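Going down the list, the protein sequences come from chains B and A.
The first sequence begins at 50 in the entry's author numbering and counts up by one.
If you count by the entry's author numbering, then the second sequence holds residues 167 to 196, 220 to 286, 390 to 749, 760 to 1437, one letter each, in order.
Backbone N, C-alpha and C define an ideal beta-carbon position, used for all residues, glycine too.
Heads up: the structure comes next, in C-alpha cells.
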Amino acid sequence: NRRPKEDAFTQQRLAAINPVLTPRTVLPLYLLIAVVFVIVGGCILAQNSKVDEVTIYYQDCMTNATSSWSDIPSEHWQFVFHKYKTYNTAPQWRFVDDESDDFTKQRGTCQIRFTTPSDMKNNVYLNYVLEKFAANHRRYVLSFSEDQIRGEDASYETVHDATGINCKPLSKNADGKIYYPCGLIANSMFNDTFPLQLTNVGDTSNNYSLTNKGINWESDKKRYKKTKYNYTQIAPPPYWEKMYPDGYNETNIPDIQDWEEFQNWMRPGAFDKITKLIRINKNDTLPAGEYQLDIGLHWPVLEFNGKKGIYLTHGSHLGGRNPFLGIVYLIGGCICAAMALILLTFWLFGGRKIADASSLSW
Amino acid sequence: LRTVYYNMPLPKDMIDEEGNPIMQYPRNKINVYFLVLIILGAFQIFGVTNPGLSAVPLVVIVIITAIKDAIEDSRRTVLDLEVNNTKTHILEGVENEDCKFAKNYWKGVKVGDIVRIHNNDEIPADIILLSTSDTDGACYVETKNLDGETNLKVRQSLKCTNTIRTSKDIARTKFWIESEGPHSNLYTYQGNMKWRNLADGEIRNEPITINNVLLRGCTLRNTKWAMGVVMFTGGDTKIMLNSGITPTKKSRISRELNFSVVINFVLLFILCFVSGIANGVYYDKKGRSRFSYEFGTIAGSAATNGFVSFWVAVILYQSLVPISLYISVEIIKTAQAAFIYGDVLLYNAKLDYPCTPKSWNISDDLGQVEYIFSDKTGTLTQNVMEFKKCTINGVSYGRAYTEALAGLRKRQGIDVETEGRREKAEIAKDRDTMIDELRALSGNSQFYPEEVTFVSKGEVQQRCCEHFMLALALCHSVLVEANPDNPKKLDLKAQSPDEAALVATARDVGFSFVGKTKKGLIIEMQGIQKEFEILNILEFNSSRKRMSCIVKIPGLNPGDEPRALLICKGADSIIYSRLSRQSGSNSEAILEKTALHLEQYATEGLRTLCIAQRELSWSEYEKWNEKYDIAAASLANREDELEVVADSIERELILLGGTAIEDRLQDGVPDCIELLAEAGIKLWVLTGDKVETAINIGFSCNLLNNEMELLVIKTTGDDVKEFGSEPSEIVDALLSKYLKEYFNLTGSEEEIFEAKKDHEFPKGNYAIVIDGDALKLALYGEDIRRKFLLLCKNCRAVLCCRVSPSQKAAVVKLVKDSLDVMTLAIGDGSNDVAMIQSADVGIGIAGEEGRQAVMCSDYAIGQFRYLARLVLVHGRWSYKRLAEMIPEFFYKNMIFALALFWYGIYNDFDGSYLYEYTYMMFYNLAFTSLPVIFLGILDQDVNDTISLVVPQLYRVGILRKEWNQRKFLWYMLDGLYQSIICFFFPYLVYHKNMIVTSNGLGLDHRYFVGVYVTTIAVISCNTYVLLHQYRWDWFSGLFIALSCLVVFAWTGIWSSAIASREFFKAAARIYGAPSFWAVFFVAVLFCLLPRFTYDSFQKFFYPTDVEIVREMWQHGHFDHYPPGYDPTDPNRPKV
Ligand SMILES: *[C@@H]1O[C@H](CO)[C@@H](O[C@@H]2O[C@H](CO)[C@@H](O[C@@H]3O[C@H](CO)[C@@H](O)[C@H](O)[C@@H]3O)[C@H](O)[C@H]2NC(C)=O)[C@H](O)[C@H]1NC(C)=O
Ligand SMILES: *[C@@H]1O[C@H](CO)[C@@H](O[C@@H]2O[C@H](CO)[C@@H](O)[C@H](O)[C@H]2NC(C)=O)[C@H](O)[C@H]1NC(C)=O
Ligand SMILES: *[C@@H]1O[C@H](CO[C@@H]2O[C@H](CO)[C@@H](O)[C@H](O)[C@H]2NC(C)=O)[C@@H](O)[C@H](O)[C@H]1NC(C)=O
Ligand SMILES: [Mg+2]
C-alpha cells in the first residue's frame, strides 16, 4: 500500500564515486598542478615580455617647457622594449605658444618627439593615461542619461530624476535648455586634440597614419546611435563651450554613431589611472626610428596635482604588459609544489597507516 | 453566551447584533511585505527609508527575532497555507426551487457555508454534522491531530435533521446557535439547536453532546464525504493552543545560530566606521579632484556625516543574507525530514505505516542525542499479553521457556539444551489434538501433553480444573466479536490486554468457543444447542483492583433448586491475606507452594494473576442482589459502595489457583539496545513495573550485562520534615547515605561546583535500579537531586521502577535542565505524553489502540527496532550535513560581498558599486545558493549500511565537535581571505591598467571588473562545496556544474540584451578575451589552495573517525554487507 516508493533516490542510493583523500589521489594532484602552472607561468611571461610600450606624461608641458626643444626630466616618461634592455635616448618637449585667442588657464600645443628603436608590429594602439583623476565617485559615474546615448528624445524630467543614471546637477542652465550630453561624465570630457598621424622627423618624412575609426567595439553602435531630434533648444555642456562657442547649429550636431573617442569616455574608468584608446592603425606596421606628435593642450589637470599622458602600445592577446599575471602562476605553482614536498616530508616520517577506526577502539 | 446566525451575507461595515462578524473573531492564518521594503531600499530603485545611523538598532533586531521565527515554523504557516481552499465547489450562487436562499461567496475561510469535506481533506474548523449519504449517518471522528483514540465511534445526525440532503434540498434550514468560548479543553462542549424542519415545516430541538463536535485537526478515512454548516470557527480551534506546550525551538544549532548571525553583523559594522573614519579624512584634504569636474557643496554631509547613502546601502543589503539563511535551512530540514518519510526500511510492513515525521523542523537534533528515555510496557516490549502458565490445585505441568535466561544469567539455554527440548514439546502439543476447531496456527497456548489419556476422562483435581478454565472465558469484560473475512475465526478486541489473553487461549486450550451472544453462550452436546447465559457484569477497575461477575447457573434438577458460586480474580494484595479455614480448600500443603508457584512466576518475570472463589448464603442469594439495583447500579456506582460491599460479607476469601501472563519483546529490541548503547547514548528505562521483572528484562534486552549494585532500601517511612534533624529520621538519611556510601565506595566525589561536565561515554560500567518511592524523595529538594544526577550520570544505563507518570516527566527535566544536555523520550501511551513533550526529541510508537503519544510525538516509528535506524542513519546524517552547510553560508557571502568594501580603498570610500544590479541580486539566489542546499541534502558521509555497522560514528554528535562557534570563525576568516583573492586578482591585472584585450580596445568599467570578480568567486566557492562534501554523485554533482555555468550564461544573455545599459556585449568583450581565462585559473587555485592543503593536512595526520571508516570502506572491509541492510532484523542475516 503505502510502501514509500523505492527508486534509488528517495532511499538516496544515487550512483556515487565517493572520493577519499589519501596520498594516492593528492600527490598526483599537487604534482600535476605544480607542473602545469609553471609551464603556463613560463608560456605567459614569454608572451608578456615581448610586449613593448611607450609612456610619456605631458601634464607639465605648459609650465616647464621652452619654445625650443628641451628633454623631459625623466620622472615623466618610461618605456621598455624586448630587444633593447638599457635604452636612454630621452624624448623632448616643445611648447609652441600662448596663442592669445580666448586664452584659458592651460593651452598651447605641446609637441612631443619620441624615439622607438623597434617595431610596434601590426596593430598599433594610441591610448592616453590619466593618473590622479579620480573618476569613480558615487555621483560622477551615475550621471548620464541612456535616452540621449541611444539617441532618442528627452523631456526635462526624463533626464533630471531617473532611477540610477540621472543628470541631476546638469540638466538645465538659467535659460533652462536641455543639455544634449547631460551628466558630469560627458561634461568633463578629455578634450586634448591628437594628430591623426605620427610625423616622421629627421630621416625620411614618410608619415605614419593613425585613424580613429574602429577605436572601440563594432558591436557597440547599437546603443550609441544617431540623435533623433535636431533642435536649437539644446546646447553643449558648460565645459564644451570653447569647442562650440555659439551652440548647436543645424550642421554641428555630434553623431555619436561614429564619434568614437567619446564612446570611450562614456565608460568611466574604474580606478586611479585611466587608459582609453584614441588612435588605431590596423593597416601598416610601425617602422623603427624616431617620431613626433602634436598634442593640443586643453585639459586643466594641474590644479589637483594630477597627470595626463600618452600610452602608445602594441597589444598582446593578454592585453598590455603587466608582470603580475605571469608571475602569479609561478607563485601559484611554487607554493602548491612547496605544499607537495611538505605534505610528503611529514607523511614519510609522521606516517599514519590506514587502520581500525580509532578513538572508538581506545 | 455565543452568537452565530444563519444565511446572512456577513457584511463588513455593520455593527448590528444580527451580525456574525461583529463579534470580531481572528482567522486561522496565524513579514513578506517587510522583506520587499528591504530589497527595494537595499541598493537601487525605490529606497523608502535610508536614514543613516539611526536604523542600526532597527534592522539587525527584526531579522534575528521577528523574521527568524516566521520562517522557522514549517507546520503553523505551511500546513495552514496549502490546506486552502479544501474543495471549493460550483453548486453556488444561481439556485432556484420561492423562499429559497440564493447562495453566496464570502471569503476563502469563513463561517456560514454548507461546504462539504470529502475523503482526505483537512477540515477547516470544528463542525457539527447535518447530513450524509449512508444509513443512520454511518460516519465517525478521526484522531490525527487534536483528538486521540483509535476506534471508529459511530456518530449520528438527528433523524429529521437528515431530511435535507440534496442540492435541491441544500438551502432549507435556518436557526441560531448557543456556543461557548476559549477554555483550553478537548472533550467538553454545550449546545442545543431548536432547528427548523423540512417535511413538517415546524421547529424542533436537537440535543448536543461532545461526540458530534468533530474538530479541525482531522483527515477523514474510509468514507466518501459528509455535509454540514461550518458551525464553529477555525480561529478558536485549540490544537495550536493545546499542542505543543513547547514552541519546538530547535536545538543547540538553531538556538546558537542567531548568535552566529550577530557576529556577522558585528564584524561588518567594524568595517563601516573604519569606512566612516576614512571618509572624513577625505573631505578635509581639498587637493583632490572632486571640486573642478564635480558640482556640489564644498563640505561633507552627502546624506548625513559623509557618504552614508552607500554605507546604509550595504547594511540593508547584508541584512538579506540572514534572511536567505533562514530560507536555506527550511528547505534542507524539510528535505532531510522528507527522506525519513520516504524510506522503505523505516516502514511498518505489518501495518503499512512509514516513519511519518510529526515535526518537519527538527532532524538535526536526532544527531546529538545522549539520553534515551523509554517505557517497558509498550515501547520495548511487544505489549500484547499472552497466556503461558497456570497452577491448578498443586500441579503446574510444562514450562514454556521464555524468560529463564536471566534467572539463569550465567548461560542461556536456547541453543539446543532448553529450547529444542521444549520445541519438541511444542511439536508434541501441535501434532495431535483431542478436540477439533482448535486453530493451531496462532495458538501458542498453555500446552497440554496428556493428563488422563490425552482427553481427561474421583479426580477432584480435574473437577475444579475446567471449572475455572471455562470461567475465565465465560465471564470477562469484552465480548467475542466476529471476523468478517471468515466466520470460523473469532477476533477479540480489548482495552485490557491481559483479559483477552485468557479468552483467546481458552478457546485454543479445548472446547472451542465461538459465540458469546446476549442470546446465549453455547456448549456443544447431543447436536442440540445447549447454551448458557450470564446475568450482569462487575467491572475491573484500578480503584477496585479485582474482578467478579454475576453469572447465571440454572436449576438442573426437577423439584429442587441447587446452589451456585461466584468468581473472584485479580492482583495478590489482599488475596493471600484472607485465610481459608471453613471451606474444603484450606491453607495446607497445596495452598502455600502454589503461592510459591505464583511467587516463582515473578522470578521468571510474568504478570502474576490469580483466580479465586466466593462463599455466600442460600437464602441471601436473592438478598445479595436486591439491594444492588438501588444502591450500586442506580446512582452510586462510581461512589465508594462497591468496595464496601466487596468487604462486608467476604471477610475471609477462598483461594484455589493462579494464571500466569507473559509479555514478549518487540522485534529486534535486544539488538537495537545493543546498537544504541554502544553508540554513546546512556539510555534510561522508566518503567511501570517492580524490580525483579524489570531487571529480569534488563538482562534480556542486554542493557544490563555486568554491573548492578545490590541495594537494600528496606524503608517504609516518609519525610514530613525539612528543617533540621536529618540523622534523626529513618528514610531520608538512609537513602541519602546510600548515595554517599556508593559515592565513597566508588570514589569520594560528593561535589558542589556543578560547572564541570564531560559528554564522554562513561568508562566504568554501572547500573542503578532505583525504586520509585526513592526518586520521589531524591528529586524533591535542592542538593539531593544533584547527588542523584552525578550518580546516574556515572552509569551505562540506569533503571527507574515503579515510577509515577508525573515522575517520568520530572526526571527527564532534571537532566535537560541541570545539565546542558538534550534528551530523547520514546513512548506509546498516555502515561508518558508528558515525557515526550518534556524531552527535546520525542519519538512515538504508533499503530496500537492507544495513540495519544503519536499525534503529540515528534516522530512516529513503527517498532522500536527502527529507532537505531532513525537515530544512527537519518539522524547523524542530519548533523554532519547541517553543521557543515551553516558555515558554508557565511563563507560564500563574504567571498563576494566583502569586495564591495575592498573597492572602498580604491574609491576613497565614496560609494560606487562593483557589481551589476543583477550580480548583487542573482548571486545568493541562482549562482551559489543552490549547492549549499545540496550539501545539506545529498551528503552521506558514510553509507546507510555502514553507520549501522559502525555506530560509534555517532559520538561526533554527542561531544559537539561538528558544530561549535570556533569552527565558524575559521570560515569567516576563510571568506575574508578569499575576498582579497577574488578582488585583488582582478585588480592587479588592472593595476598598471593597460588594455586587457586581445583586440586592444580595452574594457575598464566598474562593471567589467565585477564580471572578473563574480565569475572567479562563484567558481571558487562552488568547488569549495564540491571539494568539502563527502560522496560526490550524479544529482548533486550535476547541479554543482549547472550552477558553475549559470554565471557564464547569465552574462551571455542579460548583457547581450539592450535593456542592460552600459552593456551590449559583455559576453564577447570579456569571455572571448584571453586575460579573463588566464586569471580565472589562478584565483580558483588561490581560493582552494589554503583549504585543500588543510583538508589534506588534517585528513592525513590528525584524522577524524568519519574518514578512517570511509577509507577502510574502499579497501573492502565492508564489501560483504548487502545494500539495504540493517542488523536489527530477524528475517535477514547479520553477517
Ligand atoms: C575643454 O577645454 C576647456 C578649455 O577651454 C576646458 O576648460 C573649461 O573651459 C570653460 C570655458 O572657459 C571654463 O568655464 C569658465 O571658467 C571660468 C573660471 O576659470 C569662469 O570665470 C567662467 O564664468 C566659466 O565658467 C571652465 O572653468 C574650464 N574648466 C575648468 C576645470 O576650469 C574644459 O574643461 C574642457 N571640456 C571637457 C574636457 O569636457
Ligand atoms: C554652426 O557652428 C559650427 C561651429 O560651431 C560651424 O561650423 C564651422 O563652419 C566654418 C565655416 O567655414 C568652418 O570653417 C569651421 O571649421 C566649422 N567648425 C568646425 C568645428 O568644423 C557652422 O558653420 C555653423 N553653422 C552655420 C550655418 O554657419
Ligand atoms: C607628412 O608630414 C609633412 C610634415 O612636414 C611639415 O609639416 C608641417 C605640419 O605637419 C607643415 O606645416 C609643413 O608645411 C610641412 N613641411 C615642411 C617643409 O615643414 C607634411 O607635408 C604632411 O603632414 C605630410 N605630407 C605628406 C605628403 O604625407
Ligand atoms: Mg507504555
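Cβ-based burial, residue i [other Cβ within 10 Å; buried from 16]
| i | result |
| --- | --- |
| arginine 1257 of chain A | buried |
| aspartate 461 of chain A | exposed |
| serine 1338 of chain A | buried |
| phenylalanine 395 of chain B | exposed |
| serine 875 of chain A | exposed |
| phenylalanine 565 of chain A | exposed |
| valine 283 of chain A | exposed |
| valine 573 of chain A | exposed |
| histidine 475 of chain A | exposed |
| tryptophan 118 of chain B | exposed |
| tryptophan 1179 of chain A | buried |
| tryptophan 126 of chain B | buried |
| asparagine 454 of chain A | buried |
| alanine 1141 of chain A | buried |
| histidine 131 of chain B | exposed |
| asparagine 1226 of chain A | buried |
Cβ of residue i within 8 Å of any chain A Cβ
| i | result |
| --- | --- |
| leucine 94 of chain B | no |
| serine 408 of chain B | yes |
| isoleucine 327 of chain B | no |
Rounded distance between the beta-carbons of residue j and residue i, thought under 8 Å
| i | j | result |
| --- | --- | --- |
| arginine 1153 of chain A | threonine 435 of chain A | 7 Å |
| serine 879 of chain A | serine 889 of chain A | With a Cβ gap of about 11 Å, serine 879 of chain A and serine 889 of chain A do not count as contacting. |
| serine 688 of chain A | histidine 899 of chain A | 5 Å |
| residue 414 of chain B | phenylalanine 602 of chain A | Any property of residue 414 of chain B remains undetermined from this structure, which presents chain B solely from 50 to 411. |
| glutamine 968 of chain A | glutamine 1165 of chain A | 5 Å |
| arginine 848 of chain A | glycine 872 of chain A | 3 Å |
| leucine 794 of chain A | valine 782 of chain A | 6 Å |
| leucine 1005 of chain A | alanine 979 of chain A | 6 Å |
Min CB distance residue i to chain B below 8 Å
| i | result |
| --- | --- |
| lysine 1401 of chain A | yes |
| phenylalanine 602 of chain A | yes |
| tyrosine 633 of chain A | yes |
| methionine 1187 of chain A | no |
| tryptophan 1334 of chain A | yes |
| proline 1376 of chain A | yes |
| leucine 229 of chain A | no |
Any chance you could list the beta strand (DSSP E) runs of at least 3 consecutive residues sitting entirely within the stretch 337-370 of chain B, in chain order?
-> 338-344 and 359-362
Please go through the stretch 220-272 of chain B and give each complete beta strand (DSSP E) segment of 3 or more residues, from N-terminal end onward.
-> 246-249
For the stretch 1148-1163 of chain A against the stretch 1241-1248 of chain A, are there 3 or more C-beta pairs whose distance is under 8 Å?
-> no
Inter-stretch contact at 8 Å, needing at least 3 Cβ pairs: the stretch 625-637 of chain A / the stretch 651-664 of chain A | yes
Okay, do the stretch 364-372 of chain B and the stretch 1294-1308 of chain A touch, 3+ Cβ pairs below 8 Å being the bar?
-> yes
Inspect the CB distances between the stretch 639-647 of chain A and the stretch 655-671 of chain A and report whether three or more fall short of 8 Å.
-> no
At what residue ranges does the stretch 1013-1096 of chain A contain a whole run of the alpha helix (DSSP H), taking only runs of 4 or more?
-> 1032-1046, 1075-1078 and 1087-1094
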